[PDB]
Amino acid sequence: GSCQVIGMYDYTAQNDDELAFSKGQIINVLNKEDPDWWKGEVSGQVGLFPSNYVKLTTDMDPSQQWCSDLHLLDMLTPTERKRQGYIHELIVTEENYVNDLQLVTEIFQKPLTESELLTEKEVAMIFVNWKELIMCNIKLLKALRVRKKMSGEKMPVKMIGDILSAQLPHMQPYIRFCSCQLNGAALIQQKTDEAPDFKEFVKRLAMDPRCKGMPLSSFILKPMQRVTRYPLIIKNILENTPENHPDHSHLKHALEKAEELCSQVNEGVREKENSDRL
């Protein structure tokens, strides 16, 4: 089964059929036949490598990636550490996510609603209820920030499910946005093909350093990506919350609201794509 590993030491290839890598480098594992020589790939290059020189990423403590600076982290149980780790993966990636949404508007939406290089409808077709998403997610973010503040600067957070359980219901605008992003994507391509003024303008918009080289056709995919990601993170938090824990019940409720949001979103996408045959 495909998975990632990180190099725990440097390794120079000793034979032509080997994969050389550096400490800290992540390599994609293609197979683990030989329990000593994994087949890996790094940047399109495939080779065998010593399995004892590597560490599965899934075996890495999540608190070490998302909150290594948490206070008293080393005093917590191994299971509460993972719980803090996943809680912070949720909060950190949310900050990351909300800011990217904002970024799209600032450097792509507004600069296009002024470009006059396309109608008022052609802007809705691409960004649809994008602004609406920024609103319900900013609400979530603010709520998480507050809980984070309530808990103490770099202090373990005890509850999170209540906020997610409460916040997920307002995520309904995603069904609409995700359902229409398929055309919005076609639109952007049509224009960047028929309107030379367009291809150039949107090419300039995208070179803003904060885009790190990502075209608007990929930023537009983020709302869907975020919706499918939630369940995954919430389930990991739940799994590290015992049933006698005061947040357990909320987490269970939140996982559920998150899973169906994702279902509703995916149903809408399919529905909308099917109706484009009638």
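Heads up: residue numbers just count along the shown sequence, starting at 1.
- Comparing 76 to 84 with 146 to 154, the stretch with the higher mean C-alpha B-factor in the PDB entry is 146 to 154.
- When 111 to 119 is weighed against 155 to 163, 111 to 119 comes out higher, by mean CA B-factor as recorded in the entry.
- Each of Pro231, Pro50, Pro62, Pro35 has a CA temperature factor in the record; the biggest one is found at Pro35.
- Sort the chain's modelled residues by C-alpha temperature factor and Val98 lands in the lowest third, per the entry.
- In the deposited entry, the Cα temperature factor of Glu89 places it in the lowest third of its chain's modelled residues.
- In the deposited entry, the Cα temperature factor of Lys139 places it in the middle third of its chain's modelled residues.
- Ranked by C-alpha B-factor against the other modelled residues of its chain, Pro242 falls in the highest third.
- Ranked by C-alpha B-factor against the other modelled residues of its chain, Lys235 falls in the lowest third.
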